[PDB]
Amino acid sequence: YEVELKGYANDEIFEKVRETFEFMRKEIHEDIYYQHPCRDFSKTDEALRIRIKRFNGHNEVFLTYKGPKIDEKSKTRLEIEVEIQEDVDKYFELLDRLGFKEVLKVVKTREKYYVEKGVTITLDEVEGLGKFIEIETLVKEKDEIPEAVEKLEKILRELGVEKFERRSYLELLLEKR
């Protein structure tokens, strides 16, 4: 599982990260989140998204399904992700035909930083929400999530993060609709 924690940020936290960790790369993300044709994802805590990632003149697109959060202390959830290598428009059309309707588009910039082996921090500037900081690392077993969460929470708090958020950017933006 990809253990992930998110906190609200600011110029202070952003700068500290830039002066503490190795910069990997900056990406622009344009996500389109969908609603299921038969069930309310907001009630089942699921998500389906198409993400367009832009960096270094490159463009990558991914279709990702996210399962319900399984941890009370983090945003960790099961994920199934495939890369759309071509015909991006066809995937958009396929989802539409199957009844998946766009709920909202989330746009942000993300600066990725190397923390330690398998641990990455991202500085996010989300349109319509502001600055956030995320941290993630992979774990094999579900029972390993608690330890990882503690480790990642410590890293973020040591950077100045005080307010954590388990709600997705999508949920946060929907609240402001």
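Start at 1 and count along the sequence shown; that's the residue number.
A summary of the deposited B-factors shows that, of 119-127 and 39-47, the stretch with the larger mean C-alpha value is 39-47.
As listed in the deposited structure, the average C-alpha B-factor of 25-33 and of 140-148 is greater for 140-148. Ranked against the other modelled residues of its chain, the C-alpha B-factor of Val88 as given in the entry falls in the highest third. Placement of the Cα temperature factor of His58 within the chain: highest third of the modelled residues, per the deposited record.
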